[PDB]
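In order, the protein sequences belong to chains A, B, C, D, E, F, G, H and I. According to the authors' numbering, the first sequence holds residues 24 to 41, 49 to 72, 78 to 166 in order. According to the authors' numbering, the second sequence holds residues 1225 to 1276, 1286 to 1337, 1441 to 1616 in order. According to the authors' numbering, the third sequence holds residues 13 to 80, 88 to 802 in order. Sequential numbering from 8 applies to the fourth sequence in the authors' numbering. Sequential numbering from 1 applies to the fifth sequence in the authors' numbering. Sequential numbering from 442 applies to the sixth sequence in the authors' numbering. According to the authors' numbering, the seventh sequence holds residues 2 to 99, 108 to 125 in order. According to the authors' numbering, the eighth sequence holds residues 833 to 1010, 1017 to 1028 in order. Sequential numbering from 918 applies to the ninth sequence in the authors' numbering. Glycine is no exception: its CB is placed at the ideal position from the N, C-alpha and C atoms. Working notes for the structure below.
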Amino acid sequence: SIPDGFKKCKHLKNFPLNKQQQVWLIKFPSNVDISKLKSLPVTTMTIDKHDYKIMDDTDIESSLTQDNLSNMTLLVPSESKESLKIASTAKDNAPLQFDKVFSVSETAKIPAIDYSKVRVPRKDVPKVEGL
Amino acid sequence: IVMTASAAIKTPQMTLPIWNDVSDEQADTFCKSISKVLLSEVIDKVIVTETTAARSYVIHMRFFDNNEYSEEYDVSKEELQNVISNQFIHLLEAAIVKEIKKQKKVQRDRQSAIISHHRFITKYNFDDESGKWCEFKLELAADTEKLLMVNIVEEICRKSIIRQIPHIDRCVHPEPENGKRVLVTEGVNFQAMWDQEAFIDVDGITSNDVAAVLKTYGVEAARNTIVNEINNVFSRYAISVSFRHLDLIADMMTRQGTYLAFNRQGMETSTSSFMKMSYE
Amino acid sequence: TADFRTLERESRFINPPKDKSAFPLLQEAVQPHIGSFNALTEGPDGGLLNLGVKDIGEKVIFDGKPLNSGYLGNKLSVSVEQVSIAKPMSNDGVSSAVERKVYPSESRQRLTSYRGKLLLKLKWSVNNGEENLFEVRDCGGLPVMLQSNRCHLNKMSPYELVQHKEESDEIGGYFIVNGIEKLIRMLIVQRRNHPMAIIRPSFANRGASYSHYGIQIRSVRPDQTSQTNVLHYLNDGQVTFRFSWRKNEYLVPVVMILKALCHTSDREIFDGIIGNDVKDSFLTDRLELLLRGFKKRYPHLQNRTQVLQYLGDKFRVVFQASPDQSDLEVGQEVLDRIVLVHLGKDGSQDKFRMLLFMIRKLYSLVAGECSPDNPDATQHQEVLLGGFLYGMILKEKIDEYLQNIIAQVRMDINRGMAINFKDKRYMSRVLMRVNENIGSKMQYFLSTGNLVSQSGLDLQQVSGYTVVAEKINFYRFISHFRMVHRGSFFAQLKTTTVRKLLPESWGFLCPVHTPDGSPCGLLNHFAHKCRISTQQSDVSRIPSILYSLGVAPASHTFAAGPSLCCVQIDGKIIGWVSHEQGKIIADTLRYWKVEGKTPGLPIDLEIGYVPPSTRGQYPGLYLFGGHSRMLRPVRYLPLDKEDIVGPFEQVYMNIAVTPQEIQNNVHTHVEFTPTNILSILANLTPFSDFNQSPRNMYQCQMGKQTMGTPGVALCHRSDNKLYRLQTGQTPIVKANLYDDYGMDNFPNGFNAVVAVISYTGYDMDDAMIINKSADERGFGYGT
Amino acid sequence: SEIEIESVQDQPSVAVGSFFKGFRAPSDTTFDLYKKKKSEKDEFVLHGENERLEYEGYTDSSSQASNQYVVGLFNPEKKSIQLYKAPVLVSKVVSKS
Amino acid sequence: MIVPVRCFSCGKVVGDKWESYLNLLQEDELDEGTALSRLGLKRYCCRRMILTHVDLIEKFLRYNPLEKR
Amino acid sequence: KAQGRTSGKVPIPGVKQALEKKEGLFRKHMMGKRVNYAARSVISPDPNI
Amino acid sequence: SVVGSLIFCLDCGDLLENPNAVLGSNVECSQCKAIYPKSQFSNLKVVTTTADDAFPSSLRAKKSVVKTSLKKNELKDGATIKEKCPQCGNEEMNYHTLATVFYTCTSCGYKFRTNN
Amino acid sequence: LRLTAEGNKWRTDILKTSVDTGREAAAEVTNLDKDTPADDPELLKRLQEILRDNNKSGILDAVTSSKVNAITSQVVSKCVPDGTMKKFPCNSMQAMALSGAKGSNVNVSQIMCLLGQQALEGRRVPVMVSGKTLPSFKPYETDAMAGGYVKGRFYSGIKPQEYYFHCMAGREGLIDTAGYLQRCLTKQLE
Amino acid sequence: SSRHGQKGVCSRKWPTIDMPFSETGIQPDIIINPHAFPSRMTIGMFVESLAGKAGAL
Ligand SMILES: [Zn+2]
Ligand SMILES: [Zn+2]
Ligand SMILES: [Zn+2]
């Protein structure tokens, strides 16, 4: 029961699946043009001279110590490029689990607490002059 | 004292003087003896395992070092054996039935008897050297829905009575006030104490239980205690009062040879009427 | 040092300000009452009153006419659209000769109540808006607060006030009934929308099933009316939900609620509580027993609807739902009228999320992992303001009235009356038979202080809400406003601990000034610097900021347990982070809220980070912009600036009192002045710090019993009984806070020469001696 | 350290659905994706169908205002990665029964 | 209220100086000490009478029913 | 011993209710009484008497 | 599916019934109607431990790392002041207050209190 | 109420040594070395552990209570009367107390030597579940002053923290202040 | 009463010729018995007394 304004995604682009290869999920700020980047670390990174922080949020999307505890399931184009199948790799149809989940998010550098301006000696109660 | 003439006060304490020849250790030793013991006290840890042809329960109990509580609470593993061997088990399968009903070499021979007398016991075992543990297995019908074993068992051991005393709870050794050498207890039994005479002189035993004194020893001695206690109140408050008042008060409540409060009851016997009228 | 500033106060006395007072602190000192009363009609909402009646919606009955096939009769739609209150105005007699402004001055001298009229937009509709009609119905003159927006005197400069014949600096902010000054004192209650953990014996006392463990949360709708939800852990491991309604409690299997919310699966139900925590059997053991019990007791309901179908059936008459209404609808009502209503009707999935969260934490309590919340600790408390309560009571009376409309009609129908919904005369025919005047009842409330309703409003007593304003001296007068207590219900309680002073109330309540005697410890006063949150700040942009901080959406992310930092806002769960990640964030927020250069960031906002601990308080992060939040200024450390602090979030902060106390890596905040922790009367007494505290207490009451300067309105003042010092002086030794309120206006006493000596032997036993001549010379003249 | 970006796909390719832990669907099951162009934000809706189950999914209106999601294919015998844009849909499984 | 007549203890008449005293701080703008010194009040017993006085009678004058404002 | 009336209006005091009133008529009006020839006032110290 | 003694249908999220409760040889979801082999799983076990506080005892104290016990001399209560014992004439008595001032002899332990 | 110069000079000296008193009391209770610095995590841990027990807490106090009492018994013993500016009989404050006219050495002593450690129903100040006595104190501090030990005297003035404490102690007797028996006796005994 | 919490009760309006007088010849207004202080222990009252003379001079 298609809602107002949505059209079926007709021609789905290609997704080359398969020390072997890994599948990652990455969050970027919506305002970031992803189509023009180069680097990526394995801490901190800058994109378009503005600086961000990369966090390994894998233990939130899944378990590090135990298998099959993944929140997300990957859906890849099927043999028609007009629909999606659950992505698998196991030759068992066991759904693919993300190898890693990364969050590229905003950071705010913090400065020091100017103790010179702020930690000031006590002053005595002022003597009244000219008594 | 005065208002209620309470039968059971919250905190009756027998006052036990001892012979001089006894050392402190022996009494301290002896204090533990007459003292009350409980299973929940000696348990290091409990580990129970359930499995599912039927619904089965393997139950591992861990105690402390035998000598320790054997020293601490003066315990023979045999009782510890026998206690579970008798009363613990009888209690144990008992409530579980109610629980269910609510839902709608010699060891091997020792293991044999209990299993016979008690339905769900498929196994018994215990640590017969170090006493470090007791462990045994239980089973139930397969279809039986889950029960929480730990809490059911948790409740039990706290209700255990490894070695209780006749109306006797805890004995405690205070400091030798005023050159007096005494043990302090809770609960009151004279008879039971009458066997400890080797350690304690009998004639110096006092208590707040005065009714029982009146019960056991009659009225006069009881009266004497009455004064003592009442004084001790003001005494702690460092407040002096003529004993004459006390004795007057004392001899008053005893005129029937019984123990009389001042209330409707104590007043009831009054030949004088109007005094009973304006009262309640 | 200090100054007498005589020439200043003289022209001041000579030349009443024609713009504004010189004593703002004085004004703000009363501000909450004004604030509490203001927003009733105010705010972009169009006033609270509109929201509530909006939340009341309609009542409908069916005439049961055959109509000439099951037909239960025509649909009468009765709805109150809007509320309106005119400033106090009086026509001359009848004939509606143009009304004139009625200054509170006359209202006293008439021995009356200073009152504006109340009016309503009443929509009369029929058969699903097949027909609709309007009218405005006079509700009568409603009592109105001084210095309100509804008060004509509002905004008027002192000089004009003189012209209107009132006190120069007059704060007002109260009610006048039968020419008597009354006002509503504040009460303390638990927090809005917060999941506290409780241990009370009364729990098991409810029934043998129950432990002494339980979770409680007090939810408050946007209208500021509240609803409270309670959970008792059954000794067998079940947990039954508890609400009350019409002062009547009912119990529910929690699962049934769970599935009723959204269409959901057991794993979802499971994965919520346990999440990654699967290794504990104690949990699994419990959780399993839960579901199996729900099974086989209700194996017939596999469907969210089937459940709801079942539900509306049970409670329909309890909500007296109209015959037309399917139990499905009736059930839809129930979730709406009851559970977590603070989240609105459509937050079901988030309600679902939160409702889980408690259960998870409920066990940690039962598991004893987490220490219990002291109920009466200052940490979890807030003030119920009068103005808010005021309309709540009104809200009731609006409702009951509207119900009474039905009764007549039903009695009309049941009498077999010839009836048409569409005759406005017949409509009006009904009106003439019904009392519309609430303002009388409102007065009657204000008269008697009696709380009378079908709804206890989660409140502990039937009366004592009012108080009689006292001008006896001035200080007694001002005292009332900063004065608040725990309710009389706690007075009967023999438990003394309620009266303990606590290190939490530091900076907020006055440790010094408190009543003695029977009230002692129950009635208490704020520090003078204290503030009260009268508004709902906007949190809209907060979530956006959170995600920018690396917060995971609580939507699709599955976590649970104290193991990692939970995050919420005003009873809304945002997501999940590690503790180590959380506190760093809470800093940045705190860093920004001070910084204040980032939008969406009102500085009133509480940041509630609790570090994880070993069996300490349950960790987490808590954000509050809600109403009624004790808030007080603290000087920062870095960008040296003022900051606002809630008592709750205070607990863990390291506060330095004086700059000399400061140690590196210790304190993040310093108090402006140590005085700030004290209160006005606490600030008055000279050098109290040299005097043993029980005195300081005792003193504070004495001032309130002194014969003071009541006010300048005496000539026009109709008040029952008063006492007037003939002549006051300015106490020489004094604290600057005196001038800051400038009590020079109201001298309470005089300076005199006193010698400390043993002479007549009469001075023994503290009796005091009077030089006889000075009396003849007029010293200490009164009247 | 350093990772080179081979390609970045801007067009609908793959999708991501959060159902619950351990979620799977029968072999045959196939999912139809749908897309609307609201402002300069892209909304997605998911609808899947098999013999006795339905599957539905939507993009969270609130998070998509500030979160953009991207699936990556990583070549560790290289310093390279291949990024594809993907919506994350909040999804449920409904029993036709 | 209004300036009292006499020093309560000294009995010395303090009244008249008030107006003149106000003038002193007004025109002369002096201290209080030399002012009262100029008024010649030696015993503080009298000084306490002036220094702490209040003209509070004033604010009363602002309400007169005897005249239409 | 009496059946209530119309669920309210309070029981009218009977002779039985008249006897035990407060501390009871014995205690209230007999065991203590208002008296004549007496006064109540504040006191003040003097060594001189 | 199998989690901590419990098993769920891989289709729906429903808890699967106990096979031991199941009469037949297979388990089918009462909802999504997915049949599962009974023998696919059997004979799970669960091991638990009691809480550490469930059974307080004296041994608990001796197991604790801190001092829970009291001897006689630590019982000295309050600072000492020079006080003539009206009983034994001692010069030192301990005291406490309420201004109601206690006194306790150092020598004979005699007590008295002073309100004045 | 003035000391001589040396009296204060004395009054300093004993009060000076009081510094590490608290920390030492802890190490013994915790069964740790006396010289364990207050920053030891285990030390800090045990405290939190201790903080969890009702009993151990009360147990801790009395230990701390004991030591500081001895402190108190030094300042007063040295300064009154030997360090007073005016001596009996000219010193009326002393003469009134001495002659038992009014008050006891306790009043004068505490108002001149110091108020010592506060006590609440045989305890110290209850701690906020934060592990902090007071927002001016980091959690789990060893100072007796951090636990309500008052080194001030009404003469020289008291710090606000100190002051805020005493307010509690004041609130005791009031709450505390907040025949039927004897009537029964007399009646029967007429 | 004072601001120090000392409550007192009038006793004898005391004819002034009897009032002991200062070196400066000043008849004290109100007399207090020092025996109140060592009980109530309110020192600032003494202190306030000082400044009272200090400022006024
Ligand atoms: Zn004079
Ligand atoms: Zn399934
Ligand atoms: Zn003695």
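Residue i - DSSP class collapsed to helix/strand/coil
i	result
C/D157	strand
B/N1514	helix
H/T896	helix
C/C584	coil
C/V326	helix
C/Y382	helix
C/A571	strand
C/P530	coil
Contact list for residue i against chain H, beta-carbon separation under 7 Å
i	result
G/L99	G1005
Proximal residues of chain G, C-beta to C-beta of residue i below 8 Å
i	result
H/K970	Those do not exist, as H/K970 stays about 21 Å from chain G at its closest Cβ, beyond 8 Å.
Cross-chain neighbours of residue i in chain E, by beta carbon under 9 Å
i	result
I/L974	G33, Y44, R47
residue 860 of chain I	As displayed, chain I neither begins before 918 nor continues past 974, which places residue 860 of chain I out of reach and without an answer.
Where residue i meets chain G, residues with beta-carbon distance less than 9 Å
i	result
D/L60	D12, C13, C33
Contact set between residue i and chain F, taken where Cβ atoms lie within less than 9 Å
i	result
I/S928	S485, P486, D487
With 16 other Cβ atoms within 10 Å as the buried cut-off, status of residue i
i	result
C/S96	buried
H/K964	buried
H/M917	exposed
G/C89	exposed
C/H646	buried
Span separating the alpha-carbon of residue i from that of residue j
i	j	result
I/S928	C/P729	28 Å
A/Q52	G/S43	35 Å
B/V1538	B/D1245	15 Å
C/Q711	C/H499	25 Å
B/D1445	B/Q1320	19 Å
H/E856	C/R714	36 Å
C/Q479	C/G506	7 Å
C/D738	C/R129	11 Å
Chain-ordered neighbours of residue i on chain G, where CB pairs are closer than 7 Å
i	result
H/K888	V67, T69
Within chain C, partners of residue i - CB distance below 9 Å
i	result
H/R884	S390, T633, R634, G635
Chain C contact residues for residue i, given Cβ-Cβ distances below 8 Å
i	result
H/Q993	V676
Residues that residue i contacts on chain I, provided the C-beta gap is smaller than 7 Å
i	result
C/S777	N950, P951
Got a list of residues with beta-carbon closer than 5 Å to any non-hydrogen atom of ligand 4, in chain order?
Absence of ligand 4 from the depicted structure is noted, with ligand 1, ligand 2 and ligand 3 being the only ligands included.
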